[PDB]
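Only one structure is covered here, and it is reproduced in the block below.
2 protein chains.
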Amino acid sequence: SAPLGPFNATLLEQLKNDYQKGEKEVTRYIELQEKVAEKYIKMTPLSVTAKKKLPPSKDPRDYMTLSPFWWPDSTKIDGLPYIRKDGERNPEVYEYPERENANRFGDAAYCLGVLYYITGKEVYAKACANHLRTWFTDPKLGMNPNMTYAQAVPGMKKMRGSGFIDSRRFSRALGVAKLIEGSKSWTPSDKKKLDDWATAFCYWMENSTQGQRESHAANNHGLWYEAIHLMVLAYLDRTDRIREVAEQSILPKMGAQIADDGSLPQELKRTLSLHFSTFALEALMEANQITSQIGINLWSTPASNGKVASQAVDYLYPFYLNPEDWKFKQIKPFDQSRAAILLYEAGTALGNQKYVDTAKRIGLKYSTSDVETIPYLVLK
Amino acid sequence: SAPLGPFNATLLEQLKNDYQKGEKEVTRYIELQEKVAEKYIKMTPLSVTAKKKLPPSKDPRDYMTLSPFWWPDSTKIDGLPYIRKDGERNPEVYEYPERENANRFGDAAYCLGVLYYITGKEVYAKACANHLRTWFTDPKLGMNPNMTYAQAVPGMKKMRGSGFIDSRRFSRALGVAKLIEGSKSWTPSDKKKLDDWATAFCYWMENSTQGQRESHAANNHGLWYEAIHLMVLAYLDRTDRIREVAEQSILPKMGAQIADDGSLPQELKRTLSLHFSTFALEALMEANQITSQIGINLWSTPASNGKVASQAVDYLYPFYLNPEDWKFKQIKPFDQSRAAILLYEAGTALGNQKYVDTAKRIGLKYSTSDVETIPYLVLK
Ligand SMILES: O=C(O)[C@H]1O[C@@H](O[C@H]2[C@H](O)[C@H](O)[C@H](O[C@H]3[C@H](O)[C@H](O)[C@H](O[C@H]4[C@H](O)[C@H](O)[C@H](O)O[C@@H]4C(=O)O)O[C@@H]3C(=O)O)O[C@@H]2C(=O)O)[C@@H](O)[C@@H](O)[C@@H]1O
Ligand SMILES: O=C(O)[C@H]1O[C@@H](O[C@H]2[C@H](O)[C@H](O)[C@H](O[C@H]3[C@H](O)[C@H](O)[C@H](O[C@H]4[C@H](O)[C@H](O)[C@H](O)O[C@@H]4C(=O)O)O[C@@H]3C(=O)O)O[C@@H]2C(=O)O)[C@@H](O)[C@@H](O)[C@@H]1O
């Protein structure tokens, strides 16, 4: 039975079991994943402090990125204040190194951590550990446990909490740190430092004005707030809070965003309405992977108001078959492959066979290097 | 009378004329422009050499970018060779610093060069000169006269010339070096080295395999190649070569790329078909600013087969009024504002009053700092 963590635990245990018994098709797939995982062993650990332009704190260990849809105002002399253009990503985002580096980190330690759980090879814990220590707890290189300057906007006068959503890239790595516990590379002291970091980040999440703000959001930000919350709380083994967050926060939030016809009106008014409809569910989906490890199924539990998350999958299912039939603003192409894991997650949770079959018909590439697909041999 | 170069010389002469007569509307507009132009006086000059990852020649003076629509292949262990996704910019392009720095350089030298022509103030030639010397001729910081490594593609086996289209960013600034001739800051030695650089770049363009191959390209690449050629040749005062290039290369390219109904079929097969129809026409417009300064109107001059460039504007004009009407693949929203300069340039050259009226009805913002709109007070 897998440690509590941010993954489909049924598929991970199934993979580890078959790999130990020497079943050939799982053993071949894991030997692929080990070839894929080799660049993370050579890859030098990244730090939030690899940046030139510092945040207002003057502190390089503070995480700072730019809110992606905010651009200079050409009609102003300084371009300040930035204006918003929904869905159009400002390439200035790439001048903030943590934006892409936390992705690269998150992929590398998630991959290495799942490979060590499946295979038990110490090489994968030892390397996962180097990445975790450097990003999180190192006294010089580790990131301060807050998101004060996440998605900061030049010229903006009020403090915003919208940037918190960025935390999902390293919070999954926090969760999978549970999978190297017991290895020789992950000493008791390393665990104590990280538990302390995770304790402080959770405190900031819950009590900062930006975190309180983001816990209250009425769209997909509030759903990703809680999915991140559960990852932190699961890493810390706080299962009573997980049940409390699931019953008092995620389900009422989920029910307030689902219209009568299953649509998500907060996302429909966006210029990337089909991307953000799917983004909302993806939060629920990663939340459910933790809640359902302790007996709570978020896809089928109805909210107080009678709305249930399956109604949202129903509304969107036809447009996963035929994304061109989408009748709302979508100013970029929508990646149909995102529907694969989503309909398989919700398909199994709901016992809907139409969903699981469409998940496999769309599929993921057998050989892909995208680490979030590592547990999904069943899709490949 | 304006020196030969890459700008609407009729509007530039009208602006310097009315600023000298003390007219209030232009004097106020030019004084807006001078406050926009202040940041370029202080701006430290950029170099092609400010990069870490070196080109295969190991020379930091060689320009190198990534071809924007080419992506790592996730089904390959190293992502190699890259595959093409038409219309989808790979944000890895921003890891090549010249991509955006040639834009910043070109904007600053062009803005400072036009402002020197209009106002005569020496501080604008001195600042323009600083940018020009560093980008082009400096013996350590200046860029080599070639585009060998422009839009390189990881894993690609053959040599390509597609990247030559990047040249339009610094070749407009080359042409504007003609406006600062005669200032105290552009010494005869500075002009010599630049003349020598431009002559060596012109050689590479016409005689390298990549330059030859790009000069014969069947789509908008061949038209932008000749627009860039006419900038280099106008800078070098080779006005008979301009007559030859227009008759022997631009006019056949037009005759073959405009179809009988006025569409640009090579641009209609792209995933951004309205953007690339406009991009081809934009190549003719910048080419035509140079040719019509020596009496050649590329909008109404027929190819050998009777086709004229105005038939291409005819085909698209309805869609410039209503881009939602556009019936071909266009996977990102088209920017209607590009039609202002375009419909204005085409409309005056052809005496089409329906084009000029529509240009001003679309308009440009009076205080925008986009440097290419400096001549177009008429649109503001
Ligand atoms: O590229 C990336 O980093 C990821 O982007 C992800 O999309 C996120 C963005 O990161 C932003 O946080 C974006 O913020 C939105 C809000 O969700 C919200 O719509 C807000 O709208 C306000 C608005 O600010 C204004 O005041 C108006 O008057 O009221 C609006 C309202 O309440 O409707 O605007 C914010 C903003 O643009 O700052 O939200 C999305 C999101 O997740 O919803 C995502 O695409 C991810 O996949 C990328 O990796
Ligand atoms: O972002 C920028 O840098 C600017 O991009 C401008 O669009 C340019 C691009 O910069 C590229 O140069 C792009 O290259 C294209 C070729 O035009 C051409 O279509 C080629 O087509 C081949 C293809 O390589 C492939 O093998 C396929 O199977 O066959 C094709 C065929 O049938 O011809 O593909 C090239 C490539 O992508 O490598 O071309 C465009 C362009 O047409 O100019 C522009 O958007 C500008 O505004 C940006 O600033």
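Protein sequence lines correspond, in order, to chains A and B.
One point on numbering: in the numbering used here, the residue at position 143 of the first sequence is 141, and numbering is uninterrupted.
One point on numbering: in the numbering used here, the residue at position 356 of the second sequence is 354, and numbering is uninterrupted.
Where a beta carbon is used, it is the ideal one built from N, C-alpha and C, also for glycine.
Three-state secondary structure (DSSP) of A:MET154: Of the three classes helix, strand and coil, the one that applies to A:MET154 here is coil, per DSSP.
Proximity below 9 Å, CB of B:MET252 to CB of B:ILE226: No.
Contact list for B:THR366 against chain A, beta-carbon separation under 8 Å: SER72, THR73
A:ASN350: CB within 8 Å of a non-hydrogen atom of ligand 2: With a cutoff of 8 Å, A:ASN350 does not count as near ligand 2, since its C-beta is closer than that to no heavy atom of the ligand.
A:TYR38 at chain B interface by Cβ criterion, 9 Å: no
Residue 398 of chain B CB to nearest heavy atom of ligand 2 below 8 Å: This structure leaves residue 398 of chain B out entirely; chain B is present only between -1 and 378.
B:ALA215, DSSP secondary structure in three states: coil
Closer than 9 Å to chain B by CB, A:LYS49: no
Interface partners of A:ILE329 on chain B, CB under 7 Å: Neighbours of A:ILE329 across chain B, judged by C-beta separation under 7 Å: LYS330, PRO331.
Beta-bridge partners of A:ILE226, as assigned by DSSP: Partner(s): none; A:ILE226 has no beta bridge.
Validate contact between the stretch 211 to 230 of chain A and the stretch 283 to 294 of chain A using beta carbons, cut 8 Å, 3 pairs: Segment contact: the stretch 211 to 230 of chain A against the stretch 283 to 294 of chain A, three or more CB-CB distances shorter than 8 Å; contact assigned.
Residue burial classification, B:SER367 (beta-carbon count within 10 angstroms, cutoff 16): buried
Residue 385 of chain A - DSSP class collapsed to helix/strand/coil: In the structure as shown, chain A begins at -1 and stops at 378. Residue 385 of chain A is therefore absent and cannot be evaluated.
Within-9 Å CB hit, A:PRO89 to chain B: yes
Alpha-carbon to alpha-carbon, A:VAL311 and A:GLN328: Pairing A:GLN328 with A:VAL311, the inter-Cα distance amounts to about 18 Å.
Range covered by the alpha helix (DSSP H) that runs through A:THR356: Unbroken alpha helix (DSSP H) run through A:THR356: 351 to 360.
Chain B within 9 Å of residue 381 of chain A, Cβ atoms only: Outside the shown range of chain A, which is -1 to 378, sits residue 381 of chain A, and nothing can be said about it.
Own chain partners of A:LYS358 with C-beta closer than 7 Å, once the 5 adjacent residues on each side are dropped: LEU377
Alpha-carbon to alpha-carbon, A:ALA285 and B:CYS109: Straight-line measurement puts the Cα of A:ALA285 at about 52 Å from the Cα of B:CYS109.
Under 9 Å between C-beta atoms of A:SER72 and A:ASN144: no
Near ligand 2: B:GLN149 beta-carbon under 8 Å from a heavy atom: Yes, the beta carbon of B:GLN149 sits closer than 8 Å to at least one heavy atom of ligand 2.
Interface residues of the stretch 7 to 39 of chain B facing chain A [CB-CB below 9 Å]: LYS33, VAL34, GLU36, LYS37
Chain A contact for B:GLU322 (CB, 9 Å cutoff): no
Selected residue, minimal CA-CA separation from A:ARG336, among A:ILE240, A:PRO321, A:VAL306: A:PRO321
DSSP-derived helix/strand/coil call for B:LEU340: helix
The stretch 115 to 131 of chain B contacting the stretch 78 to 92 of chain B, beta-carbon criterion three pairs below 8 Å: no
Host alpha helix (DSSP H) of A:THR269 (start-end): Premise fails: A:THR269 is in no alpha helix (DSSP H) and is neither H nor E.
Buried or exposed by the 16-neighbour rule on C-beta atoms within 10 Å, applied to A:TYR364: exposed
Close beta carbons around B:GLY140, own chain, < 6 Å, minus the five adjacent residues each side: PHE134
A:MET62: first and last residue of the uninterrupted alpha helix (DSSP H) it sits in: Not the alpha helix (DSSP H): A:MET62 falls in the beta strand (DSSP E), residues 62 to 64.
Nonlocal neighbours in the same chain, by C-beta distance under 6 Å from A:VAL112, ignoring five residues either side: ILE372
Proximity to A:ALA171 [Cα-Cα], best of A:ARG102, A:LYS190, A:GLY345, A:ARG59: The option with the nearest alpha carbon to A:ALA171 is A:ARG102.
Contacts that A:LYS363 makes with chain B (C-beta to C-beta distance below 8 Å): Those are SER72, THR73, listed as they occur along chain B.
Nearest-angstrom Cα separation, counted from B:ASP235 out to B:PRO43: Looking at the two C-alpha atoms, the distance is approximately 27 Å.
Paired residues, beta bridge with A:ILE75 - DSSP: For A:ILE75, which the question treats as bridged, DSSP gives no partner whatsoever.
Residues near B:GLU11 in its chain [Cβ-Cβ closer than 6 Å; skip 5 each side]: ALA0
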